[PDB]
Amino acid sequence: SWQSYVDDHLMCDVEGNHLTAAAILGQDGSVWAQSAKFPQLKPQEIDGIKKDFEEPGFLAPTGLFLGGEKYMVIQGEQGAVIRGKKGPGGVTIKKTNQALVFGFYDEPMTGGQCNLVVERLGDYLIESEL
């Protein structure tokens with residue numbers, strides 16, 4: 001289900017650590033599944049994300065805001081992945097055909113481990129035509 005993807009794919013422990021929160025939202029902004037601590041995102045934030053996927057670099061000067069919190073944009077994949085850092089944590093956002101997979105991490109988990117779980121699920125949904 002969309003909820004087993006969140007709980008079993010995204011929240012699966014990678015080297016003992018797991019995401020602080022995860023979710024799959026439809027690109028219209030609606031939540032299909034989310035973990036318990038996932039943030040309430042604003043409309044304008046979901047819009048900035050979609051705009052950065054069309055015009056990469058759109059978010060860098062201003063920051064990646066999620067839940068009213070600022071993230072500093074870090075290197076991603078054009079039109080495919082947006083990554084950010086906020087102190088010892090960060091977030092990875094993977095764009096699929098119909099969705100947006102989000103992954104929030106906090107130390108001791110690393111960015112590489114968050115990228116791994118988030119992007120692999122994203123490539124799996126993309127394969128299933130989602």
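The analysis underlying the following values was restricted to heavy atoms, covering all of them including side chains, and did not include hydrogens, waters or symmetry mates. For reference, positions follow the sequence shown, starting with 1.
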Between atom [atom1] of [X] and atom [atom2] of [Y], what is the distance when rounded to the nearest 0.5 Å?
{"X": "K85", "Y": "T92", "atom1": "NZ", "atom2": "OG1", "result": "12.0 Å"}
{"X": "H18", "Y": "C114", "atom1": "NE2", "atom2": "SG", "result": "12.5 Å"}
{"X": "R120", "Y": "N115", "atom1": "CZ", "atom2": "CG", "result": "11.5 Å"}

Problem - Residues in side-chain contact (heavy atoms from CB on, under 4.5 Å) contact with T62, at least two apart in sequence or another chain - result: none
Practice task
Please report the C-alpha distance between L10 and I24 in whole Å, then the side-chain angles of each, then the deciding distance to 0.1 Å, and finally whether the side chain to side chain contact (heavy atoms under 4.5 Å, CB included) criterion is met.
Solution key: CA-CA 10 Å; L10 290 166; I24 310 178; 4.3 Å; yes
Exercise for the section: Would you please name every residue forming a salt bridge (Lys or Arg N to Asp or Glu O under 4.0 Å) with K51, sequence neighbours left out? Expected result: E55
Review item, side-chain donor-acceptor pairs of residues 121-130, under 3.5 Å, at least two apart:
from: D123; atom 1: OD1; to: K94; atom 2: NZ; distance (Å): 2.9
from: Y124; atom 1: OH; to: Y5; atom 2: OH; distance (Å): 3.4
from: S128; atom 1: OG; to: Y124; atom 2: O; distance (Å): 2.7

Is it true that, when you exclude [X] itself, more than 12 heavy atoms of the residues, nucleotides or ligands shown sit nearer than 6.0 Å to its [atom1]?
{"X": "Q44", "atom1": "CD", "value": "yes"}
{"X": "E15", "atom1": "CD", "value": "no"}
{"X": "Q78", "atom1": "CD", "value": "no"}

Practice task
Show your reasoning for whether salt bridge (charged side-chain N to carboxylate O under 4.0 Å, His left out) applies to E45 and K50.
Solution key: CA-CA 9 Å; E45 303 179 338; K50 303 209 281 166; over 6 Å; no
Practice task
Look at the side-chain heavy atoms of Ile, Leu, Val, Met, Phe, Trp and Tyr, link any pair under 4.5 Å apart, and say whether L116 and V118 land in one connected group.
Solution key: no
Handout entry: Shared hydrophobic cluster, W2 / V101 (ILVMFWY, side-chain heavy atoms < 4.5 Å)
Key = yes
Exercise for the section: Any chance you could pull the hydrophobic cluster mates of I93, using side-chain heavy atoms under 4.5 angstrom and chaining through other members? Expected result: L25, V31, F38, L41, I46, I49, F53, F58, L59, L64, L66, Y71, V73, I82, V91, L100, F102, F104
To check you understand the geometry: which heavy-atom pair defines the closest contact between [X] and [Y], and what is its length?
{"X": "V6", "Y": "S35", "answer": "CG1-N, 3.9 Å"}
{"X": "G79", "Y": "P56", "answer": "N-CG, 4.1 Å"}
{"X": "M11", "Y": "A22", "answer": "SD-CB, 4.0 Å"}

Problem - Side-chain (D52) to main-chain (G57) donor-acceptor, under 3.5 angstrom - result: yes
Practice task
Please determine which of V14, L19, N17 meets the side-chain contact (heavy atoms from CB on, under 4.5 Å) test together with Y105.
Solution key: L19
Fill in the blank from the handout: So side-chain hydrogen bond (donor to acceptor under 3.5 Å, both in side chains) across residues 21-34, not counting sequence neighbours, yields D28-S30
Practice task
Any pair with a residue in residues 61-80 that passes salt bridge (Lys or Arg N to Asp or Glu O under 4.0 Å), sequence neighbours left out, goes on the list, sorted by first then second residue, please.
Solution key: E69-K86
Practice task
Begin from the C-alpha positions of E119 and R83 and carry the test side chain to side chain contact (heavy atoms under 4.5 Å, CB included) through to its verdict.
Solution key: CA-CA 11 Å; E119 297 168 40; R83 308 180 174 107; 2.8 Å; yes
